[PDB]
Amino acid sequence: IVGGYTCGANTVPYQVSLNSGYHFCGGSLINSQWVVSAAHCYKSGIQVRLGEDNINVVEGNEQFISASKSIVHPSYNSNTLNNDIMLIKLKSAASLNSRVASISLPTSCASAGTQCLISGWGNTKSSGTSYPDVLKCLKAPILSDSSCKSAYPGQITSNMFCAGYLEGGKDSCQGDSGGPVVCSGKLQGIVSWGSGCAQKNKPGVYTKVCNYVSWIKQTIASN
Ligand SMILES: O[C@@H]1[C@@H](O)[C@@H](O)OC[C@H]1O
Ligand SMILES: O[C@@H]1[C@@H](O)[C@H](O)OC[C@H]1O
Ligand SMILES: [Ca+2]
């Protein structure tokens with residue numbers, strides 16, 4: 001997160017860290033045994049880390065649970081990042097409380113102008129590199145589809161939306177990938193891609209979760 005603020009320990013209780021020896025992506029807890037992330041975060045040997053603030057210090061509210069199964073969307077295209085979403089089943093159910101909790105799936109798509117909360121452990125600079133150890137937060141509006149398509153001609157599909165600031169300075173970034181975009185208490189987006197971080201007229205692009213609710217519910221009911 002570039003241009004954000006320090007969330008505060010366990011104030012974003014659905015935020016997960018995906019770990020393969022080191023943090024490499026975020027994700028979102030959607031019930032006690034399933035996590036949603038970006039398909040471009042896929043790899044084998046994932047441990048899901050719940051209840052994290054400082055990802056380098058054991059502070060006492062962590063649950064570390066191995067993944068048992070990963071399901072990349074059947075139509076994921078790694079060249080265009082269309083359908084950039086995947087599901088991860090935990091080997092055991094997480095213990096849910098006020099500091100570890102699930103986030104609700106949406107019943108409708110959010111409109112341009114809605115304010116959302118984006119969070120993660122990714123890079124905090126737009127020219128340079130500095131990875132924080134504690135979770136960072138950003139409040140950002142969903143942008144109109146015409147501004148989104150004009151920022152990224154020929155690249156935005158119906159499964160994507162833009163959120164952020166056209167003036168730059170505030171954005172998600174590398175290492176935030178897979179993490180949540182939450183708007184009015186519902187998971188509306190997944191940190192997916194962008195050109196650089198926090199560049200003028202290059203807002204962040206997010207997977208539009210509302211298009212995937214039927215696939216998620218069906219997949220979970222059968223696996
Ligand atoms: O983001 C672009 C993607 O949509 C595709 O076209 O490959 C080239 C990239 O620049
Ligand atoms: O859901 C809320 C979101 O819409 C807002 O942007 O940040 C605070 C959250 O509670
Ligand atoms: Ca920790």
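All residue numbers refer to positions in the sequence shown, counting from 1. First listed ligand is number 1; within each ligand, the first listed atom is number 1. These values consider heavy atoms only, across backbone and side chains, with no hydrogens, waters or symmetry-generated copies.
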For [atom], which protein heavy atom lies nearest, and how many Å away is it?
atom: atom 7 (O) of ligand 1; value: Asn79 O, 4.0 Å
atom: atom 1 (O) of ligand 2; value: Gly185 N, 3.0 Å
atom: atom 2 (C) of ligand 1; value: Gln155 OE1, 3.4 Å

Protein heavy atom under 4.0 angstrom of [atom], is there one?
atom: atom 5 (C) of ligand 2; value: yes
atom: atom 10 (O) of ligand 2; value: no
atom: atom 4 (O) of ligand 1; value: yes

How many angstroms lie between atom CE of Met160 and atom OG of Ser192, to the nearest 0.5 angstrom?
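These two atoms lie 6.0 Å from each other.
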Do any of the N, O or S atoms of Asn56 sit under 3.0 Å from the Ca ion (ligand 3)?
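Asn56 does not place any N, O or S atom closer than 3.0 Å to the Ca ion (ligand 3).
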Strictly by modelled atom types, are [X] and [Y] linked by a side-chain donor-acceptor pair under 3.5 Å?
X: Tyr212; Y: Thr207; answer: no
X: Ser75; Y: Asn83; answer: no
X: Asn54; Y: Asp133; answer: no
X: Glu52; Y: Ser17; answer: no
X: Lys136; Y: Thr6; answer: yes
X: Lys89; Y: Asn223; answer: no

Atom of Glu52 closest to the Ca ion (ligand 3), considering N, O or S atoms
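It is OE1 of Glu52.
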Numbering as shown, the atoms of ligand 2 that approach [X] to under 4.0 Å (heavy-atom distance):
X: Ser184; value: 1 (O), 2 (C), 3 (C), 4 (O)
X: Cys116; value: 6 (O)
X: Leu117; value: 6 (O), 7 (O)

Determine the minimum heavy-atom distance between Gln188 and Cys109, stating which atoms define it.
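Closest approach of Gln188 to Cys109, heavy atoms only: OE1-CA, 3.9 Å.
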Angle at the Ca ion (ligand 3): provide the value between O of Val57 and OE2 of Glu62, rounding to 10 degrees.
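Seen from the Ca ion (ligand 3), O and OE2 are separated by roughly 90°.
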Any sub-3.5 Å donor-acceptor pair from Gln47's side-chain atoms to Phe64's backbone N or O?
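The answer is no, because no donor-acceptor pair under 3.5 Å joins these two groups.
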Which bit of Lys139 gets closer than 4.0 Å to ligand 2, counting heavy atoms only: side chain, backbone, both or neither?
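For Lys139, the contact with ligand 2 is made by the side chain alone.
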